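My complex, part one, positions kept as in the full thing:
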Amino acid sequence: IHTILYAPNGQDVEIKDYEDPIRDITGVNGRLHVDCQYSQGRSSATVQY
């Protein structure tokens, strides 16, 4: 099972900050692009109640 992580800048989570001088607010934003896929799903079994 493969966790696929995409970031446009660097390889991992991107943190950006902004200053708003009109309102005097600082923001912190985070982004990552993520998917998950089985390469083989017959490699896995779920336990059902």
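Nice, thanks for sending it over. Numbering: from 1, shown residues only, chains lettered A, B, ... in the order given.

C-alpha from now on. contacts and neighbour counts both.
Fine.

burial measure for residue A:26, as a count.
10 (other C-alpha atoms under 10 Å).

measure the residue lying closest to it once chain neighbours are set aside to residue A:36 for me?
Closest residue to residue A:26 apart from its sequence neighbours, by C-alpha to C-alpha, 6 or more residues apart in numbering: residue A:19 at 4.7 Å. Separation of residue A:19 from residue A:36 (C-alpha to C-alpha, to the nearest Å): 34 Å.

Can you tell me how far the residue nearest to residue A:26 is from residue A:8?
Noted for residue A:19: a distance of 22 Å to residue A:8, by C-alpha to C-alpha.

Equivalent analysis for residue A:26, please.
For residue A:26, the distance to residue A:8 - C-alpha to C-alpha - is 23 Å.

do the same with residue A:23
Residue A:23 is 29 Å from residue A:8, by C-alpha to C-alpha.

Give me the more crowded residue out of these two.
residue A:8 (11 against 7).

Wait, a helix at that one?
No. The assignment for residue A:8, made by DSSP: H, G, I helix; E, B strand; the rest coil, is coil rather than a helix.

add chain B to the structure above:
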Amino acid sequence: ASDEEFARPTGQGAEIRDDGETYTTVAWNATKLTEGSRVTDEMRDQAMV
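That brings us to chain B, laid onto the chains above:
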């Protein structure tokens, strides 16, 4: 230029509003002030001054 004002009491995170320096003119329109005097040649000759 416009008069000085008082800064505005504001909440946190609220927009700082615009009250920019505002301008006008006074227009000068220079008015021709004139004065004339006429004298005859006989007057000019005979006068002591």
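
The neighbour count of residue A:26 with chain B there, same question as before?
Neighbourhood size, residue A:26 [other C-alpha atoms under 10 Å in any protein chain shown]: 11.

Wasn't it part of a strand?
Yes. Assessed with three-state DSSP, residue A:26 lies in a strand.

all helices of chain B, in order?
Secondary structure of chain B (DSSP state H): helices at B:41-46.

Chain A contacts on that one?
B:12-16 (C-alpha under 8 Å from any C-alpha of the partner chain).

filter the residues you listed to the buried ones?
The neighbour count (16 or more other C-alpha atoms under 10 Å in any protein chain shown) marks residue B:16 as buried among the residues of chain B next to chain A.

give the contact list for residue A:7.
Neighbouring residues of residue A:7 by C-alpha atoms under 8 Å, 6 or more residues apart in numbering or on different chains: A:13-14, A:31-33.

and the end-to-end length of stretch B:26-39?
End to end - C-alpha to C-alpha - stretch B:26-39 spans 42 Å.

Equivalent analysis for stretch B:36-49, please.
19 Å.

Residue nearest the middle of chain A, spatially speaking?
Nearest to the mean C-alpha position of chain A, by C-alpha atoms, centre = their mean, lies residue A:32 at 3.1 Å.
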